[PDB]
């Protein structure tokens, strides 16, 4: 599988996470010290994708947060953290 980050200009949408990855950093897969709130671009939050998990793409239950390490290194300024698969379409789940 070929997965990558969106890295588009994020907006006012709040990123969310499902029950499997509650309170986990989307960038470095860390579970310690959630710091800043995750923002995603409008394309990844439009329509049936609103409030959907950033990692897998399922029903999100909590707010996604960066960790303190990513905040200090300013890895939250890079762009939309939405994981996207280059080997699948919009209809694929």
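Residue numbers count along the first chain shown, from 1.
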Please say which third, lowest, middle or highest, residue 56 falls into when its CA temperature factor is compared across its chain.
highest
Is the Cα B-factor recorded for residue 71 in the lowest, middle or highest third of its chain?
lowest
Residue 31: CA B-factor among chain residues, third -> middle
Third assignment of residue 14 from its chain's C-alpha B-factors
lowest
